[PDB]
12 protein chains.
Amino acid sequence: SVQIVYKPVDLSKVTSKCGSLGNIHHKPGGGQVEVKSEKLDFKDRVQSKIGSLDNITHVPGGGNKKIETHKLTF
Amino acid sequence: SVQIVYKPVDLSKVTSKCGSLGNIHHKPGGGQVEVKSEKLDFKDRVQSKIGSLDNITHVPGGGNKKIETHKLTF
Amino acid sequence: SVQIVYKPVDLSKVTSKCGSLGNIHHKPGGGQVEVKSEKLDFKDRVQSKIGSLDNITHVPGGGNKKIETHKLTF
Amino acid sequence: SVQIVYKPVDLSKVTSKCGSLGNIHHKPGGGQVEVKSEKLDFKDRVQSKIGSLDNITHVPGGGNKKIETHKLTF
Amino acid sequence: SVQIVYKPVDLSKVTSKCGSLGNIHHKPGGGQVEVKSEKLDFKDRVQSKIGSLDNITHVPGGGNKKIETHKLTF
Amino acid sequence: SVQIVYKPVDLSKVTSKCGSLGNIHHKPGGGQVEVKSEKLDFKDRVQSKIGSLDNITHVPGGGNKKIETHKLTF
Amino acid sequence: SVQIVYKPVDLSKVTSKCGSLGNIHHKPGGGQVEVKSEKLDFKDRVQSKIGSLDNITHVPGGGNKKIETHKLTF
Amino acid sequence: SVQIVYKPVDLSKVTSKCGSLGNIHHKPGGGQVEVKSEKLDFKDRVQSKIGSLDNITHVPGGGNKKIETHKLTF
Amino acid sequence: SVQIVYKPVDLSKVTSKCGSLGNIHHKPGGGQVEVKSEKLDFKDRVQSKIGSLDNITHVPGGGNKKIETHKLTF
Amino acid sequence: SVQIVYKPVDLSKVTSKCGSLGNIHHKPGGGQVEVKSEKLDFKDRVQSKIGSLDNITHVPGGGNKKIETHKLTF
Amino acid sequence: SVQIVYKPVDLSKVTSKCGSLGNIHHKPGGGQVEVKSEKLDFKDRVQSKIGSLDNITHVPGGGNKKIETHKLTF
Amino acid sequence: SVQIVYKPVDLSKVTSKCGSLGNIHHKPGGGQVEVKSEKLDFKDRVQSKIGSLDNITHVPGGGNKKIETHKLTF
């Protein structure tokens, strides 16, 4: 006789308030990237990124994140 | 006699308020990317990215994220 | 006699409010990309991207995301 | 005697409000892309993209996403 | 005696409100794309894209997405 | 006779208030990156990044994060 | 008694020899040009050019030029 | 009694020899040009050029130039 | 009694020899140009150029130049 | 009694020999140029150039120059 | 009685010999240029250049220069 | 009685010999330039250059220079 009770309760708040998101300037100035290789062998769960010149401007009003994970292994 | 009860309760809030998302300038200035290779062998679940020059302007009013995962393995 | 009860309850909120999404300027300035290879062999679930010069302007009013996953393996 | 009860309940909200999505300018400035290869062999579930110069302006009023997955394997 | 009950309930809302989607300008400025290859062999479920110069302006009032998947494997 | 009771209760708050997010300038000035290799062999869960020149401007009004994990192994 | 003698002598040679003018490729890739103005006032000897996107391939076998000017002002 | 003698003698040579003018590739990749103004006033001998995106491939076999000027002012 | 003798003698040579003008590649990669002004006033002998994105490939077999100027002012 | 004798003699040589002008690669990678002004006033002999992004590949077999100037002021 | 004799003699040689002008690579990587001004006033003999991003590849087989100036002022 | 004799004699040689001009690589990596001003006033013989990001590859086989100046002032 094995009995399990699993009763999570969550009333959490992740909030934000901002009066004004103002002037934002992003001015990258170039660059050089050079990659040499001969053999690539990727297997199973592989995330890869080779030889990049990337520019990101991310301005979310808000941008709040909540991550929750529940596991019950028998 | 094995009994399992699984009763998650979630009343969470992920909110945001912004008065005004204003002027945003993204001005990249070029660049050079060079990649050399000979053999590529990707298997199973592979995410790959080779030789990129990418520019992203992401301005979400909001942009809130909630990620939840439930697992019950017997 | 094996009994399972699985009763998730979710009343969550993912909301956003923005007064005004204003002027946004994205002005990329070119670039060079060069990729050399000889043999490509992709198998199973492969996501690949080779030799790109991409520009993205993503301005969602809102843009809120909710991701939920339920699994019960017997 | 094996009994399973599976009763998800979801009253979630993913909403957004925006007063005005205003002037948005996307002005890319060209570029060079060059890819060389000899042999391509794609199998099973492959998503690939080779040699692209792409420009995207995505401005959804809203753009909220909800993704939910349920699985019960016996 | 194996009994399964499968009773998902979903009253979720994915909504959006926008006062005015205003002036949006997308002005790409050309480019060069060059791809060389010799042998292509695609099999099973392959999605491929080689040598593209694409411009997209996507402005949906709304654009909300809901994706739901149910599976019961015996 | 084994009995387990699992009753987490969470009423936590992760909030923020900001009067005005003002002028922010990001002006990178180029650079050189050079990587040489011969053999790459990635297996299992590998996250890799080789030869990058990346610029990020991240200005979230808000940006609060909550991460919670529950595990019950029998 | 004023006497002027003006006796230019010219036996000059401007020559050229070329064995073979071979393959020449000119492949422009588009572009954007935008000019705004309100009032234009051109007078006397004015040569002007506003808002052009021009492509020229000039391959003269030869192309030698000789310019000579003589003036005698009293 | 004023006497002037003016006896230029020129036996000069401007020559060239080339065995073979071979393969020449010109591949521009686009661009953006934007000029704003309000009032233009050009007078006398003015040569002007505003807002251009021009590509020139000039391959003269030869291309020799000789410029000579003679002046006698009294 | 004023006497002037003016007897230039020129037997000069400006020559060139080239066995083979070979493969030449010119591959520009775009760019951004932006000029703002309000009032322009050009007078007399003015050569001007405002807001240009120009690409030139000049390959003359030869290309020799001779410039000569003679002046006699009384 | 004023007497002038003016007898330049020139037997000069400006020559060149080249066996083979070989492979030359010019690959610019974009850029950003921005100029602001309010009032321009050019007079007399003015050569000006404002806001340019220019690429030049000049490969003359030869390219020899001779410049000579003679003046006699009384 | 004033007598002037002016007898330059020049048998000079400016020569060059090169067996082979080989592979030359010029790969610029972008950049940012920004100039602000309010009033420009150029007069007489002015050569000016404001706000440039220029790339030059100059490979003359030869390229010899001879500059000579003669003056006789009375 | 004033007598002047002016008899320059020049048999000079400026020569060069090179077996092979080989592989030359020029790879600039971007940069930032910013100039602010309010009033510019250029007069007489002015050579000026403001706010430049310039790249030069100059490979002349030869490149010999001879400069000679003669003056006789009375």
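Using the numbering of Swiss-Prot, the residues shown for chain G are 622-695, in order.
When the header is checked for method, it gives electron microscopy, 2.3 Å.
Note that Cβ sites are derived from N, Cα and C of the backbone, with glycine treated the same way.
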Study note, to complete from the structure: Checking G:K657, G:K670 against Swiss-Prot, the one recorded as glycation site is G:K670
Point to revise | Selected residue, Swiss-Prot feature phosphoserine, from candidates G:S637, G:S673 | key: G:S673
Practice item. Name the residue among G:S633, G:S641 that Swiss-Prot annotates as phosphoserine. Key: G:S641
Revision key, fill the gap. DSSP assigns the residues of the repeat 'Tau/MAP 3' (G:623-653) as 0 helix, 16 strand, 15 coil
Exercise for review: Measure the Cβ-based neighbour count of G:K638 (ubiquitin cross-link), defined as the other Cβ atoms within 10 Å of its Cβ.
Suggested key: 15
Check your understanding: Say you check the Cα of G:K657 (site 'Not glycated') against those of the recorded sites G:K648, G:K664, G:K670; which is nearest?
Key -> G:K670
Study note, to complete from the structure: Listed in sequence order, the residues of the same chain lying six or more positions from G:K686 (ubiquitin cross-link) whose CB sits under 8 Å from its CB are G:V635
Practice item. Please name which of the recorded positions listed here, G:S622, G:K628, G:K664, G:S673, is nearest in space to G:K687 (site 'Not glycated'), Cα against Cα. Key: G:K628
Exercise for review: Could you check which of the modified residues (G:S622, G:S641, G:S673) sits closest to G:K664 (ubiquitin cross-link), going Cα to Cα?
Suggested key: G:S673
Check your understanding: How far is it from G:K648 (ubiquitin cross-link) to G:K634 (ubiquitin cross-link), counting Cα to Cα, in Å?
Key -> 36
Review point. Where does G:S673 (phosphoserine) sit by DSSP, helix, strand or coil?
Key: strand
Review point. Once near-sequence residues are set aside, which residues in the chain of G:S669 (phosphoserine), 6 or more away, have Cβ atoms under 8 Å from its Cβ?
Key: G:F663
